[PDB]
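Trainee: The structure is given below, and queries will be raised subsequently.
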Amino acid sequence: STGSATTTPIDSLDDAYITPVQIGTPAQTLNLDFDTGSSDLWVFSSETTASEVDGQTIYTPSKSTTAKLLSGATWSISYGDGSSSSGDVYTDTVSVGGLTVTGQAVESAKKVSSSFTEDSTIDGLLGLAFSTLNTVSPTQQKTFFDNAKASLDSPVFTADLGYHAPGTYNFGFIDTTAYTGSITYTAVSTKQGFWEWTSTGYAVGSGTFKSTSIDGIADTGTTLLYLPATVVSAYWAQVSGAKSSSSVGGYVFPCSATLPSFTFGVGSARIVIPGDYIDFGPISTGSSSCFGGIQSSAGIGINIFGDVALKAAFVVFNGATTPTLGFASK
């Protein structure tokens, strides 16, 4: 089997991407944030504290003939950006782009943090990291991909995120028309539960490539590119007037600037992030100070190849017995 679904930016900045997901019988379609940095499929629901629902589409298990309460099971998650959610668990039928899993753990939110309430476009998350990170207790649950894996033509999914435009998540096959050149594959560590890999270095604009190992995670659920302070400093030094602002919470730059590209290494290959991808607009409406799309990972504890990086590539998440990651230009 295979599946193919379109993923759409939630706003003009590509702050996140939503992908339609069918849950239950008859289908209830919710727009979920596919997140290769977490491993819970959770949704706004009929059980969510009413004051914490503001415009989202909810999953109502009682209207699904295939929903079954997973007795005793609860979940609770906190994300790298400080947001959180928790609740109980149903199993139900879940389909993505024509690919169907029966008995998928659907985690029903009773509580969500303000960040989620305030974002009316995201109805929940669909985790695509490794199932070892799943928060369901006392019985840990498998991700959608894990459940689908054996049925897929090939045990892979691919992320093809658009810049200011829709893209595609595919399951079970590699669309050879979706990228240019070759796909370069690189080793993955699953020891922390993430799609963790090591980039071979970077360049700033037309600058010379610096060979250096950068350990990081491929995370579709994170907006920006978070790298070591040395790297980030070298990038923003090439932008006149750019500075790190503690009050704003990272590097800002004059909105009148032309940003240089940023290249990262995948083995011997190179992925180029155009400068425009690194512009996240005025820090506040009407401001001439713009927020940078490359930020320091210092104090996160891990480097994160977020959407800024991933949307510049066609990315293969290979879930073979020994997982790997592939990157191609497009």
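Residues in the structure tokens are numbered from 1 in each chain, the chains being A, B, ... in the order shown, and ligands are numbered from 1 in the order shown.
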Using only C-alpha atoms, determine which residues lie at most 9 Å from residue A:136, disregarding the query and same-chain residues fewer than 4 positions distant; provide the list as a list in words.

Mentor: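 Here the answer would be residues 40, 73, 74, 75, 76, 88, 89, 107, 140 and 141 of chain A.
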
Trainee: Using only C-alpha atoms, what table do you get, as JSON lines, when you list each residue of stretch 63-175 of chain A with an atom no more than 10 Å from stretch 11-26 of chain A, its nearest pair of atoms, and their distance in Å rounded to one decimal, rows by chain then rising number?

Mentor:
{"residue": "A:63", "atom": "CA", "partner": "A:25", "partner_atom": "CA", "distance": 7.8}
{"residue": "A:64", "atom": "CA", "partner": "A:25", "partner_atom": "CA", "distance": 4.8}
{"residue": "A:65", "atom": "CA", "partner": "A:25", "partner_atom": "CA", "distance": 5.5}
{"residue": "A:66", "atom": "CA", "partner": "A:25", "partner_atom": "CA", "distance": 5.9}
{"residue": "A:67", "atom": "CA", "partner": "A:24", "partner_atom": "CA", "distance": 6.4}
{"residue": "A:91", "atom": "CA", "partner": "A:24", "partner_atom": "CA", "distance": 9.1}
{"residue": "A:92", "atom": "CA", "partner": "A:24", "partner_atom": "CA", "distance": 5.6}
{"residue": "A:93", "atom": "CA", "partner": "A:24", "partner_atom": "CA", "distance": 5.1}
{"residue": "A:94", "atom": "CA", "partner": "A:23", "partner_atom": "CA", "distance": 4.6}
{"residue": "A:95", "atom": "CA", "partner": "A:22", "partner_atom": "CA", "distance": 5.0}
{"residue": "A:96", "atom": "CA", "partner": "A:21", "partner_atom": "CA", "distance": 5.2}
{"residue": "A:97", "atom": "CA", "partner": "A:21", "partner_atom": "CA", "distance": 7.6}
{"residue": "A:98", "atom": "CA", "partner": "A:22", "partner_atom": "CA", "distance": 9.2}
{"residue": "A:99", "atom": "CA", "partner": "A:22", "partner_atom": "CA", "distance": 9.9}
{"residue": "A:100", "atom": "CA", "partner": "A:22", "partner_atom": "CA", "distance": 8.9}
{"residue": "A:101", "atom": "CA", "partner": "A:23", "partner_atom": "CA", "distance": 9.8}
{"residue": "A:102", "atom": "CA", "partner": "A:24", "partner_atom": "CA", "distance": 9.4}
{"residue": "A:104", "atom": "CA", "partner": "A:23", "partner_atom": "CA", "distance": 9.4}
{"residue": "A:106", "atom": "CA", "partner": "A:23", "partner_atom": "CA", "distance": 8.4}
{"residue": "A:121", "atom": "CA", "partner": "A:18", "partner_atom": "CA", "distance": 7.8}
{"residue": "A:122", "atom": "CA", "partner": "A:18", "partner_atom": "CA", "distance": 6.7}
{"residue": "A:123", "atom": "CA", "partner": "A:18", "partner_atom": "CA", "distance": 8.7}
{"residue": "A:124", "atom": "CA", "partner": "A:18", "partner_atom": "CA", "distance": 9.2}
{"residue": "A:125", "atom": "CA", "partner": "A:18", "partner_atom": "CA", "distance": 8.9}
{"residue": "A:126", "atom": "CA", "partner": "A:21", "partner_atom": "CA", "distance": 9.0}
{"residue": "A:161", "atom": "CA", "partner": "A:17", "partner_atom": "CA", "distance": 8.1}
{"residue": "A:162", "atom": "CA", "partner": "A:14", "partner_atom": "CA", "distance": 8.5}
{"residue": "A:163", "atom": "CA", "partner": "A:14", "partner_atom": "CA", "distance": 7.2}
{"residue": "A:164", "atom": "CA", "partner": "A:14", "partner_atom": "CA", "distance": 6.1}
{"residue": "A:165", "atom": "CA", "partner": "A:14", "partner_atom": "CA", "distance": 8.3}
{"residue": "A:166", "atom": "CA", "partner": "A:17", "partner_atom": "CA", "distance": 8.5}
{"residue": "A:167", "atom": "CA", "partner": "A:17", "partner_atom": "CA", "distance": 8.9}
{"residue": "A:168", "atom": "CA", "partner": "A:19", "partner_atom": "CA", "distance": 8.7}
{"residue": "A:169", "atom": "CA", "partner": "A:19", "partner_atom": "CA", "distance": 8.3}

Trainee: Go ahead and save the residues from that selection, with N, CA and C atoms, as a tab-separated table (two decimals), in the first residue's frame.

Mentor:
chain	number	residue	atom	x	y	z
A	63	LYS	N	-19.27	9.52	17.90
A	63	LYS	CA	-19.88	9.52	16.58
A	63	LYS	C	-19.18	8.58	15.61
A	64	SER	N	-18.16	7.88	16.10
A	64	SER	CA	-17.42	6.94	15.27
A	64	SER	C	-17.72	5.51	15.68
A	65	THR	N	-18.20	4.71	14.73
A	65	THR	CA	-18.63	3.36	15.04
A	65	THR	C	-17.44	2.44	15.27
A	66	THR	N	-16.25	2.89	14.87
A	66	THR	CA	-15.03	2.08	15.01
A	66	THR	C	-14.14	2.55	16.18
A	67	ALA	N	-14.52	3.63	16.84
A	67	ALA	CA	-13.79	4.10	18.02
A	67	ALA	C	-13.99	3.17	19.21
A	91	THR	N	-8.74	3.85	20.27
A	91	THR	CA	-8.21	3.29	19.03
A	91	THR	C	-9.28	3.52	17.99
A	92	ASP	N	-8.87	3.79	16.76
A	92	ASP	CA	-9.83	4.02	15.69
A	92	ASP	C	-9.10	3.89	14.35
A	93	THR	N	-9.88	3.95	13.28
A	93	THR	CA	-9.33	3.90	11.94
A	93	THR	C	-8.85	5.26	11.52
A	94	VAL	N	-7.63	5.31	11.01
A	94	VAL	CA	-6.98	6.56	10.62
A	94	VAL	C	-6.44	6.38	9.20
A	95	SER	N	-6.79	7.31	8.32
A	95	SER	CA	-6.30	7.27	6.96
A	95	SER	C	-5.64	8.58	6.59
A	96	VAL	N	-4.50	8.46	5.93
A	96	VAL	CA	-3.74	9.58	5.40
A	96	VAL	C	-3.55	9.37	3.91
A	97	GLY	N	-4.12	10.25	3.10
A	97	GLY	CA	-3.86	10.21	1.67
A	97	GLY	C	-4.13	8.85	1.03
A	98	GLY	N	-5.18	8.16	1.49
A	98	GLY	CA	-5.55	6.87	0.94
A	98	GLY	C	-4.96	5.66	1.65
A	99	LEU	N	-4.07	5.91	2.60
A	99	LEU	CA	-3.44	4.83	3.36
A	99	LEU	C	-4.13	4.69	4.68
A	100	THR	N	-4.60	3.48	4.99
A	100	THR	CA	-5.45	3.27	6.15
A	100	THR	C	-4.80	2.36	7.19
A	101	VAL	N	-4.85	2.81	8.44
A	101	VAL	CA	-4.45	1.99	9.59
A	101	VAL	C	-5.66	1.76	10.46
A	102	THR	N	-5.92	0.50	10.80
A	102	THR	CA	-6.95	0.22	11.78
A	102	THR	C	-6.29	0.06	13.14
A	104	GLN	N	-5.39	2.35	15.25
A	104	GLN	CA	-4.45	3.42	15.58
A	104	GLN	C	-4.84	4.09	16.88
A	106	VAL	N	-5.50	7.01	18.88
A	106	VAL	CA	-5.87	8.40	18.70
A	106	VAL	C	-5.98	9.01	20.09
A	121	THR	N	-5.81	26.88	13.26
A	121	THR	CA	-5.59	26.09	12.04
A	121	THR	C	-5.10	24.68	12.29
A	122	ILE	N	-4.63	24.39	13.50
A	122	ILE	CA	-4.06	23.07	13.80
A	122	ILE	C	-4.99	22.31	14.76
A	123	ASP	N	-5.48	21.17	14.29
A	123	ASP	CA	-6.46	20.36	15.01
A	123	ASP	C	-5.81	19.26	15.85
A	124	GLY	N	-4.49	19.16	15.76
A	124	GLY	CA	-3.74	18.16	16.49
A	124	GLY	C	-2.42	17.87	15.81
A	125	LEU	N	-1.71	16.89	16.35
A	125	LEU	CA	-0.39	16.50	15.82
A	125	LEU	C	-0.43	15.04	15.42
A	126	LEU	N	0.36	14.69	14.41
A	126	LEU	CA	0.57	13.30	14.04
A	126	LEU	C	2.07	13.05	14.08
A	161	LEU	N	8.20	19.60	1.70
A	161	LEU	CA	7.54	20.83	2.16
A	161	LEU	C	7.80	21.96	1.20
A	162	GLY	N	6.77	22.76	0.96
A	162	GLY	CA	6.86	23.90	0.07
A	162	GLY	C	7.32	25.17	0.75
A	163	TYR	N	7.98	26.03	-0.01
A	163	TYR	CA	8.23	27.40	0.43
A	163	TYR	C	7.05	28.27	0.01
A	164	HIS	N	6.33	28.79	0.99
A	164	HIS	CA	5.15	29.61	0.71
A	164	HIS	C	4.21	28.91	-0.26
A	165	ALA	N	4.08	27.59	-0.14
A	165	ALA	CA	3.29	26.84	-1.10
A	165	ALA	C	3.03	25.44	-0.54
A	166	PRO	N	1.99	24.77	-1.06
A	166	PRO	CA	1.73	23.40	-0.61
A	166	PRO	C	2.83	22.43	-1.00
A	167	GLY	N	2.91	21.33	-0.25
A	167	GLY	CA	3.84	20.25	-0.53
A	167	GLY	C	3.16	18.92	-0.33
A	168	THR	N	3.97	17.89	-0.09
A	168	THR	CA	3.47	16.52	-0.08
A	168	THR	C	4.15	15.66	0.97
A	169	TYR	N	3.35	14.85	1.68
A	169	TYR	CA	3.85	13.72	2.44
A	169	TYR	C	3.44	12.45	1.72

Trainee: Please report, as CSV, each residue of stretch 225-258 of chain A lying at most 12 Å from stretch 187-207 of chain A, together with the nearest pair of atoms and the separation in Å rounded to one decimal; use only C-alpha atoms, and order rows by chain and ascending residue number.

Mentor:
residue,atom,partner,partner_atom,distance
A:227,CA,A:202,CA,10.5
A:228,CA,A:202,CA,11.4
A:230,CA,A:202,CA,11.4
A:231,CA,A:202,CA,8.0
A:232,CA,A:204,CA,9.7
A:233,CA,A:204,CA,10.6
A:234,CA,A:204,CA,7.5
A:235,CA,A:204,CA,5.7
A:236,CA,A:204,CA,9.1
A:237,CA,A:204,CA,9.7
A:238,CA,A:204,CA,7.9
A:239,CA,A:205,CA,10.5
A:258,CA,A:205,CA,11.0

Trainee: Assign secondary structure with DSSP using the backbone only, and return the residues of stretch 126-233 of chain A in strand (DSSP E or B) as number ranges by chain.

Mentor: A: 126-127, 137, 156-160, 167-171, 184-187, 189, 196-204, 210-218, 225-227

Trainee: Could you name the residues that touch residue A:318 at 10 Å or less, counting only C-alpha atoms, but leaving out those on the same chain fewer than 2 positions away, as a PyMOL selection string?

Mentor: chain A and resi 154-158+172+185+188+195+315-316+320-326

Trainee: Restricted to C-alpha atoms, what would the selected residues look like written as a PDB file, in the first residue's frame?

Mentor:
ATOM      1  CA  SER A 154       8.530   0.183   0.978  1.00  0.00           C
ATOM      2  CA  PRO A 155       8.983   1.095   4.684  1.00  0.00           C
ATOM      3  CA  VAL A 156       9.500   4.811   4.062  1.00  0.00           C
ATOM      4  CA  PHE A 157       7.792   8.146   4.130  1.00  0.00           C
ATOM      5  CA  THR A 158       8.922  11.353   2.459  1.00  0.00           C
ATOM      6  CA  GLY A 172       5.402   3.743   1.080  1.00  0.00           C
ATOM      7  CA  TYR A 185      21.470   8.870   2.294  1.00  0.00           C
ATOM      8  CA  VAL A 188      20.499   7.762  11.658  1.00  0.00           C
ATOM      9  CA  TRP A 195      15.532  11.042  13.259  1.00  0.00           C
ATOM     10  CA  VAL A 315      13.567  14.227   2.432  1.00  0.00           C
ATOM     11  CA  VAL A 316      13.296  10.461   2.768  1.00  0.00           C
ATOM     12  CA  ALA A 320      14.054  -0.015   7.289  1.00  0.00           C
ATOM     13  CA  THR A 321      15.459  -2.262  10.008  1.00  0.00           C
ATOM     14  CA  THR A 322      18.372   0.132  10.126  1.00  0.00           C
ATOM     15  CA  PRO A 323      16.831   3.531   9.585  1.00  0.00           C
ATOM     16  CA  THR A 324      18.450   6.171   7.383  1.00  0.00           C
ATOM     17  CA  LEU A 325      17.660   9.684   6.107  1.00  0.00           C
ATOM     18  CA  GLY A 326      17.921  10.776   2.476  1.00  0.00           C
TER      19      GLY A 326
END

Trainee: Calculated over only C-alpha atoms, which of the candidates A:3, A:55, A:138, A:216 has the smallest distance to residue A:305?

Mentor: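 So, comparing all the options, the nearest one is A:216.
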
Trainee: Given only C-alpha atoms as the basis, pick out the residue of A:329, A:7, A:117, A:137 nearest to residue A:263.

Mentor: A:329

Trainee: Hey, which of A:288, A:208, A:8, A:132 ends up closest to residue A:253? Count only C-alpha atoms.

Mentor: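 Among the listed residues, the smallest separation from residue A:253 belongs to A:288.
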
Trainee: Smallest atom-to-atom distance to residue A:243: which of A:45, A:131, A:289, A:38, using only C-alpha atoms?

Mentor: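 When distances to residue A:243 are compared using only C-alpha atoms, the smallest one comes from A:289.
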
Trainee: Quote the spacing between atom CA of residue A:119 and atom CA of residue A:52 in Å to one decimal place.

Mentor: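 We find that atom CA of residue A:119 and atom CA of residue A:52 lie 10.7 Å from each other.
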
Trainee: What's the separation between atom CA of residue A:116 and atom CA of residue A:34, in Å to one decimal place?

Mentor: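 Answer for the atom CA of residue A:116 to atom CA of residue A:34 separation: 14.6 Å.
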